[PDB]
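Asks: The structure follows.
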Amino acid sequence: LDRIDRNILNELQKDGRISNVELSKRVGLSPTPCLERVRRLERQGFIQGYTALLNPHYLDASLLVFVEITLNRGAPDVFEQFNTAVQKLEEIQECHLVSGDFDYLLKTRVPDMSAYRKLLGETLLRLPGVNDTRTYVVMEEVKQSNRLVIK
Amino acid sequence: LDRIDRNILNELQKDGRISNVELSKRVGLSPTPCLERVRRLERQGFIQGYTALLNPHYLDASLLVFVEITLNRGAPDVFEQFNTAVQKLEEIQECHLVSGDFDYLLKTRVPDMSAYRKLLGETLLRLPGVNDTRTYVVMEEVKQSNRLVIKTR
Amino acid sequence: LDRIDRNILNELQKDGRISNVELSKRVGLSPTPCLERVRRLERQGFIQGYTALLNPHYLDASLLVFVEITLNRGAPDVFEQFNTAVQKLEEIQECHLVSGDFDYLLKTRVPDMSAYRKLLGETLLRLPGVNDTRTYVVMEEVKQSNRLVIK
Amino acid sequence: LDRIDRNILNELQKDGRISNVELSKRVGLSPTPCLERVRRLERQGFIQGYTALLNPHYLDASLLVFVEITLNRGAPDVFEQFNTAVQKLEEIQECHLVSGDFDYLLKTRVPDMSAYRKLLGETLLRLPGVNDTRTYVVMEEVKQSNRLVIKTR
Amino acid sequence: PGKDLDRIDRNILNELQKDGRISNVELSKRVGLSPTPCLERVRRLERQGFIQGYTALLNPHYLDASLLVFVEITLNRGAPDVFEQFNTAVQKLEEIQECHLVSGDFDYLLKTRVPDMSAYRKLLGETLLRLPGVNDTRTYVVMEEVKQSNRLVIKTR
Amino acid sequence: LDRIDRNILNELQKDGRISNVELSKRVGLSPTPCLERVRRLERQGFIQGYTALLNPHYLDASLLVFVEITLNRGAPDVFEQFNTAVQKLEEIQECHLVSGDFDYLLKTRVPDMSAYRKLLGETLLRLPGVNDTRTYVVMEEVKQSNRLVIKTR
Amino acid sequence: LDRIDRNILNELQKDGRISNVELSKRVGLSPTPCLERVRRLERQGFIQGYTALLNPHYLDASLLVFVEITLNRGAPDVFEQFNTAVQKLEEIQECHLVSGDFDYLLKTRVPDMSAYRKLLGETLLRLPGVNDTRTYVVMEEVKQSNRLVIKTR
Amino acid sequence: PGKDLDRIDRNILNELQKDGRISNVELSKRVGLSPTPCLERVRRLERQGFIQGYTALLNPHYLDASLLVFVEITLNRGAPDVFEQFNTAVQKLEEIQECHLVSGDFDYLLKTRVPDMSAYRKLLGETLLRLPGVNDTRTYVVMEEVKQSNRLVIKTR
């Protein structure tokens, strides 16, 4: 939880394609000193992993859509079971248990407007305990970065 | 739109921090032969870039919250203004313009439940055009991966 | 308004590509007798015209979307002017002045989810007098026939 | 995806009832040379078919009305059932499955305002799954053309 | 252009509604024809259905019913007859003079007349919300009645 | 209030065209006796007058439509203007000023849906300072009686 | 009610920890005199007791959340069960049974948003015959005083 | 794991809330330490902020306030301070003991106490709906109070 590392944190999420060469340079250390420090950050918990970003506008997935799901609270394992079922599906980026008129907010991604339809009713609406599902297609995404705010 | 490149992609996202040789190790290729190919993907538009994923639990953003915002269609630049004004605010991660009741959906991470009350109506409600702002706090984030679905085929 | 013509009406909208050869045959007359009758129906008002149907799933227009528009009643020519402005736009199949929470129901058609966005705010939301616009994209069209019901 | 075929299409829709030669008259082609080409479009999938457009004002369908229907998500076959049950009803023209509040949008033409009250709750409300049905009658239809947008280019 | 409604029967109708107690004799004078021909005339109108009946008008102020209020009933459909069950259930309460099934955000527009506000509050819910399956209700108390005439528009040409 | 009177009113309300010889038989009294009572029952102000009921469907007013009208909150006088200016309009059968999200509620009848579109805007929207105007066509007028509730006890 | 008493209550409500020597100075009377009054003021039942106010933020209860709970309309006894079974739950600060779209309203406090997710479902959803359960986290508790309104006049 | 709250100050707190009039002496006995050390102890707690103050509890039944009702206020945002203007405006009416700004379908959850139903009806609108810009309101009358304790949860370990 050292403060000096915060720089190694921001730059790292800024360009995962930065080896000790440039990573352990812009910071203010040598290719070994803190490069072993950013390594410790990978185990400490900070860095959970690394990944590359892509533009679905290319790979069949140029269509993003959110889905509000409201399932009827029946058996105590209502959510527990749901979560341990929705995760087993990769065609859905996110999913959160919120508070209000609905319970979950899935963020599924698909190619065409036709694809999504097929996703729901076949599996999405086939999830355990679902009762109502309001679909919201995004006509324009103006911001999307899992990057946090490191000072 | 290549074949082997697909596995390349799937591999890079399954693990971004990979060495040149390792990146072309279990893919079915030779070191020098195919490891720089990724550059054409980065030049064209396949690879948008690379980034590290940190745990918001161990950083100053332990709390997450969504918001349904509705912009008042006053001037045609109603949307244009919102967009070119919400980006500057690093407090919010994802921002979308959807169809339906509300118009925008913002996924924001405020360190504390109060911080959000602060973010809201001090830099949030004061956004270019806005009628209502229904907020939905997340009690349990169960899935969160910006990873797409690359399928060999 | 002859009854016997109703058959010539249904078949005609059933296959516009039916010349006197087959059209003036299935009915029960000769290639001349009523073929001159279906001609009269074209002037009488019944037949307004003929057209061919296509599947946008091919030609860039595989994305259909409805838009509820609610404009603030300001000057008496509020609708009059609107209608004499929205018609001058071809990228919109239908448009009706309804009664209720909103005033109009446009049926615009476009290629990608990105196209539509560009349509609105640039022109759609630029229409004279508009104040609120709720967008509804169709994820699945299960029926679409301008065909009426002739008995 | 041809060039001249585009003008062909635009012409056919601008006027379906056209003779073989006339269909290839002002397009920039010769009679026999290009008039049967349309067949490949009809065989492939470009031309869905031809139809005549009659005035609902002079027929027994002078009145038009839209309806926002919401189906209750009970069984996954909730949609499948609605679909394979609304087609059989020739009383309704267009039926769509949209996203948002309600789920379906039906454009129907009932001869008289009463006829609709009849159509509704006698063959309408009794459809496979349904919670609410908000109706919006049309006071003035200003635009109605199934014509698409073919642009030369 | 049909209907073919007698140029004279029209005036008859307009007259009867304008005044529902007019004598046939005077009536026949106001329309021209002899008394007898007018009687079997209004009769054939009162027969067909053009005329549903006659009634007297009372002052909603001289009798406990001064307060007039409108209500909007948006009910939940779930028994393909709900609109019928509801309808054939509001015809039993004289405390409501008009019930209509309109399109839009709500389904029913009711016109109710009660003496007090608390008289309405009573009618509301204790008999109103309890009506055949209904979600919520919007209430609009009349502040002033500028126009109110059940008179139709007979085109006496 | 005289019970026989209250009974006269009721009977009369049920049907006023009835003869005194009949109205007398109902209340159980000689013709003249209460016929002079129904007379004073008028003069006093209990009976605003008599009228016949006509079926709109048979004539020309099958389309009954209620309109919700709101006025500009600017000049306060507008309302008083609106009032004495909306009575003249024959097509407007009833107009009430209520308290709530809107200001007035007009009950109008017309033949064609077009007729309405004509009324609205050519004269309806041109009314003394009008802001909003929401329309509600009726699908079924399940009840319409100006009859009050008199208790014959 | 004695004005001095009503004044004693109020003063006491404002702050009860104050000494009698002080509470006596406020009401303008010798210590003993009304100190015996505040005593009978207790015994009678006007004062349910005394308590200190603690800031939740400082301790561990910065997340205050209200939950709307509905029960199964089956067995009527459930409610009586729910009641005497929900009091034991320390995390549930307040529970009221109201009339409306839902049955109860519980005010609970927890440290982490996780803590809530834990409560809800592990014990909260396991309550005596519960049907629906809508949660409402609070962003700002702008007012919280069990103080009543006593009129010192 | 911080805060570092004295194992003894905790019991102090729990005690003070359990009973707000306890004598310091008795208090010091209940926690162990001598009276004096306990006094400058509760003081440093009453100083920092752990303790906001002391109050007596009155019977909402022996005083006109028997009826308790909850209301849900969903207001319209349009003056980026509306939430502040509203908040700093509900703190002037003692007839409302709890006002919270929660997420979801509505914005405010208020807890109001009035003697009569008509007393509430009065508070409602005449002072309620008139509050700093608010759309509509939902009302929930308490039928029975099963649990009600402002007591927090001090972990005396």
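Convention: chains lettered A, B, ... in structure tokens order; per-chain residue numbering from 1; ligands numbered from 1 as shown.
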Using only C-alpha atoms, I'd like a table of the residues in chain F that come within 6 Å of chain E; for each, show the closest atom pair and its distance in Å rounded to one decimal, ordered by chain and ascending number, as a Markdown table.

Replies:
```
| residue | atom | partner | partner_atom | distance |
| --- | --- | --- | --- | --- |
| F:12 | CA | E:56 | CA | 5.9 |
| F:13 | CA | E:56 | CA | 4.8 |
| F:14 | CA | E:55 | CA | 6.0 |
| F:15 | CA | E:55 | CA | 4.6 |
| F:16 | CA | E:55 | CA | 4.6 |
| F:17 | CA | E:21 | CA | 5.3 |
| F:46 | CA | E:59 | CA | 5.5 |
| F:47 | CA | E:58 | CA | 4.7 |
| F:48 | CA | E:57 | CA | 5.3 |
| F:49 | CA | E:57 | CA | 5.4 |
| F:50 | CA | E:56 | CA | 4.4 |
| F:51 | CA | E:20 | CA | 3.8 |
| F:52 | CA | E:17 | CA | 4.2 |
| F:53 | CA | E:53 | CA | 5.3 |
| F:54 | CA | E:51 | CA | 4.6 |
| F:55 | CA | E:50 | CA | 5.4 |
| F:58 | CA | E:50 | CA | 5.8 |
| F:87 | CA | E:147 | CA | 5.9 |
| F:93 | CA | E:149 | CA | 5.8 |
| F:94 | CA | E:148 | CA | 4.4 |
| F:95 | CA | E:147 | CA | 4.6 |
| F:96 | CA | E:145 | CA | 4.8 |
| F:97 | CA | E:144 | CA | 5.3 |
| F:98 | CA | E:142 | CA | 4.4 |
| F:99 | CA | E:140 | CA | 6.0 |
| F:136 | CA | E:102 | CA | 5.9 |
| F:137 | CA | E:102 | CA | 5.4 |
| F:138 | CA | E:102 | CA | 3.9 |
| F:139 | CA | E:102 | CA | 5.4 |
| F:140 | CA | E:101 | CA | 5.1 |
| F:141 | CA | E:100 | CA | 4.3 |
| F:142 | CA | E:99 | CA | 5.6 |
| F:143 | CA | E:98 | CA | 5.0 |
| F:144 | CA | E:98 | CA | 4.7 |
| F:145 | CA | E:97 | CA | 5.2 |
```

Asks: Please check the contacts: residues of chain C at most 12 Å away from chain F, using only C-alpha atoms, listed as a count of residues only.

Replies: 19

Asks: Within 12 Å of residue 41 in chain A, counting only C-alpha atoms, which residues show up once you throw out same-chain ones fewer than 5 positions away? Write them as number ranges by chain, please.

Replies: A: 1-9, 12, 34-36, 46-49; B: 52-55, 58

Asks: Do a neighbour search on residue 109 in chain A at 10 Å with only C-alpha atoms, toss out local chain neighbours closer than 4 positions, and write the hits as a ChimeraX atom specification.

Replies: /A:56,60-66,90-94,115-116,119,137 /B:148-149

Asks: Name the residues of chain H that fall into strand (DSSP E or B) according to DSSP on the backbone, using the chain letters and numbers of this document, as number ranges by chain.

Replies: H: 51-58, 67-74, 96-102, 108-114, 136-148

Asks: Please write the residues from the selection above to a file, keeping N, CA and C atoms, as a short mmCIF file (atom, residue, chain, number, x, y, z; two decimals), in the first residue's frame.

Replies:
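Okay, this is what ended up in result33.cif:
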```cif
data_model
loop_
_atom_site.label_atom_id
_atom_site.label_comp_id
_atom_site.auth_asym_id
_atom_site.auth_seq_id
_atom_site.Cartn_x
_atom_site.Cartn_y
_atom_site.Cartn_z
N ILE H 51 -21.09 11.11 21.16
CA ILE H 51 -22.35 11.40 21.82
C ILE H 51 -22.83 12.75 21.34
N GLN H 52 -24.01 12.78 20.73
CA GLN H 52 -24.55 14.03 20.23
C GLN H 52 -25.29 14.79 21.32
N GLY H 53 -25.89 14.07 22.25
CA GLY H 53 -26.63 14.73 23.30
C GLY H 53 -27.56 13.78 24.02
N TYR H 54 -28.37 14.31 24.93
CA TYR H 54 -29.30 13.49 25.69
C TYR H 54 -30.73 14.00 25.55
N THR H 55 -31.70 13.10 25.65
CA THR H 55 -33.10 13.47 25.55
C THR H 55 -34.02 12.48 26.25
N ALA H 56 -35.23 12.95 26.55
CA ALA H 56 -36.22 12.13 27.21
C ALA H 56 -37.22 11.65 26.16
N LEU H 57 -37.83 10.51 26.41
CA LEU H 57 -38.80 9.93 25.49
C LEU H 57 -40.21 10.17 26.01
N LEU H 58 -41.08 10.67 25.14
CA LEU H 58 -42.47 10.95 25.52
C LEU H 58 -43.45 9.98 24.85
N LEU H 67 -51.41 9.15 15.98
CA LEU H 67 -51.29 8.67 14.61
C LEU H 67 -49.92 8.95 14.01
N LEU H 68 -49.34 7.91 13.41
CA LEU H 68 -48.04 7.99 12.78
C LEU H 68 -48.18 7.53 11.34
N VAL H 69 -47.61 8.27 10.41
CA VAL H 69 -47.71 7.90 9.01
C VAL H 69 -46.44 8.20 8.23
N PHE H 70 -46.17 7.35 7.24
CA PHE H 70 -45.01 7.51 6.39
C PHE H 70 -45.44 8.05 5.03
N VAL H 71 -44.58 8.85 4.41
CA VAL H 71 -44.88 9.41 3.10
C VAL H 71 -43.66 9.34 2.20
N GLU H 72 -43.89 9.15 0.91
CA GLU H 72 -42.80 9.06 -0.06
C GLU H 72 -42.84 10.25 -1.02
N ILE H 73 -41.81 11.09 -0.94
CA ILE H 73 -41.74 12.27 -1.77
C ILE H 73 -40.81 12.15 -2.97
N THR H 74 -41.41 12.19 -4.15
CA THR H 74 -40.65 12.13 -5.38
C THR H 74 -40.78 13.51 -6.00
N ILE H 96 -42.51 16.28 11.55
CA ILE H 96 -41.83 15.25 10.77
C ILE H 96 -40.53 14.91 11.49
N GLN H 97 -40.48 13.68 12.01
CA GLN H 97 -39.35 13.19 12.77
C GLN H 97 -38.22 12.55 11.95
N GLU H 98 -38.50 12.15 10.72
CA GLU H 98 -37.46 11.55 9.89
C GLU H 98 -37.64 11.88 8.41
N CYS H 99 -36.57 12.40 7.81
CA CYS H 99 -36.57 12.72 6.40
C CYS H 99 -35.29 12.15 5.83
N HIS H 100 -35.43 11.25 4.87
CA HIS H 100 -34.30 10.62 4.24
C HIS H 100 -34.36 10.74 2.73
N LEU H 101 -33.19 10.74 2.12
CA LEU H 101 -33.07 10.83 0.68
C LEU H 101 -32.54 9.49 0.18
N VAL H 102 -33.45 8.59 -0.18
CA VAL H 102 -33.07 7.26 -0.66
C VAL H 102 -33.09 7.14 -2.18
N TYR H 108 -37.63 11.01 -1.37
CA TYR H 108 -37.71 11.17 0.06
C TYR H 108 -38.70 10.28 0.78
N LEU H 109 -38.28 9.81 1.95
CA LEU H 109 -39.09 8.97 2.81
C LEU H 109 -39.19 9.79 4.08
N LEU H 110 -40.39 10.27 4.39
CA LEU H 110 -40.60 11.07 5.57
C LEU H 110 -41.43 10.35 6.60
N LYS H 111 -41.11 10.60 7.86
CA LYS H 111 -41.86 10.00 8.96
C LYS H 111 -42.52 11.16 9.69
N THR H 112 -43.84 11.23 9.59
CA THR H 112 -44.59 12.30 10.22
C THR H 112 -45.55 11.80 11.28
N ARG H 113 -45.72 12.60 12.33
CA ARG H 113 -46.61 12.25 13.42
C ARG H 113 -47.67 13.33 13.64
N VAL H 114 -48.93 12.95 13.50
CA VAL H 114 -50.04 13.88 13.69
C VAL H 114 -51.12 13.20 14.52
N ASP H 136 -45.45 14.13 -7.03
CA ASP H 136 -46.57 13.50 -6.35
C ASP H 136 -46.08 12.88 -5.05
N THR H 137 -47.02 12.35 -4.26
CA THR H 137 -46.70 11.74 -2.98
C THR H 137 -47.53 10.50 -2.64
N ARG H 138 -46.87 9.52 -2.05
CA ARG H 138 -47.48 8.26 -1.64
C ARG H 138 -47.57 8.28 -0.12
N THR H 139 -48.71 7.88 0.42
CA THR H 139 -48.91 7.89 1.86
C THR H 139 -49.14 6.49 2.45
N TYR H 140 -48.42 6.20 3.53
CA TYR H 140 -48.49 4.91 4.21
C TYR H 140 -48.72 5.07 5.70
N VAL H 141 -49.97 4.91 6.11
CA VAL H 141 -50.34 5.05 7.51
C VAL H 141 -49.94 3.85 8.35
N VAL H 142 -49.18 4.09 9.40
CA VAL H 142 -48.74 3.00 10.26
C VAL H 142 -49.93 2.38 10.99
N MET H 143 -50.05 1.06 10.88
CA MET H 143 -51.14 0.35 11.54
C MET H 143 -50.72 -0.21 12.89
N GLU H 144 -49.44 -0.50 13.04
CA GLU H 144 -48.94 -1.03 14.29
C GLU H 144 -47.42 -0.92 14.31
N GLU H 145 -46.88 -0.52 15.45
CA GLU H 145 -45.44 -0.37 15.56
C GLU H 145 -44.85 -1.54 16.33
N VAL H 146 -44.37 -2.55 15.61
CA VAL H 146 -43.78 -3.72 16.23
C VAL H 146 -42.38 -3.44 16.79
N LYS H 147 -41.54 -2.75 16.03
CA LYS H 147 -40.21 -2.44 16.53
C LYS H 147 -39.91 -0.95 16.33
N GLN H 148 -39.39 -0.32 17.38
CA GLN H 148 -39.05 1.10 17.32
C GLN H 148 -38.09 1.46 18.44
#
```

Asks: Applying 6 Å and only C-alpha atoms, which residues near range 61-65 of chain F remain after dropping the ones on its own chain fewer than 3 positions away? List them as a ChimeraX atom specification.

Replies: /F:56-57,107-111,136-138

Asks: Have a look at CA of residue 20 in chain F and CA of residue 36 in chain E and let me know their distance in Å, one decimal.

Replies: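 Between CA of residue 20 in chain F and CA of residue 36 in chain E the gap works out to 21.0 Å.
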
Asks: Please report, as a list in words, each residue of range 31-94 of chain G to which DSSP assigns alpha helix (DSSP H) when run on this structure's backbone.

Replies: residues 31, 32, 33, 34, 35, 37, 38, 39, 40, 41, 42, 43, 78, 79, 80, 81, 82, 83, 84, 85 and 86 of chain G

Asks: Could you name the residues that touch residue 149 in chain C at 9 Å or less, counting only C-alpha atoms, but leaving out those on the same chain fewer than 2 positions away, as number ranges by chain?

Replies: C: 10, 147, 151; D: 59-61, 90-91

Asks: Okay, now the selection with C-alpha atoms, as a PDB file, in the first residue's frame?

Replies:
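Saved to out-v4.pdb:
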```pdb
ATOM      1  CA  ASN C  10     -57.760  -9.020 -53.000  1.00  0.00           C
ATOM      2  CA  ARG C 147     -52.831  -5.347 -46.907  1.00  0.00           C
ATOM      3  CA  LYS C 151     -64.217 -10.116 -47.927  1.00  0.00           C
TER       4      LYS C 151
ATOM      5  CA  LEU D  59     -62.800   0.072 -47.991  1.00  0.00           C
ATOM      6  CA  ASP D  60     -64.169  -1.370 -44.759  1.00  0.00           C
ATOM      7  CA  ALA D  61     -61.245  -0.123 -42.673  1.00  0.00           C
ATOM      8  CA  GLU D  90     -56.065 -10.639 -39.885  1.00  0.00           C
ATOM      9  CA  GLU D  91     -57.608  -7.746 -37.979  1.00  0.00           C
TER      10      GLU D  91
END
```

Asks: Find the residues of chain A in contact range of chain C, meaning any atom within 7 Å when counting only C-alpha atoms, and list them as a list in words.

Replies: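 Putting it all together, I get residues 113, 114, 117, 139 and 140 of chain A.
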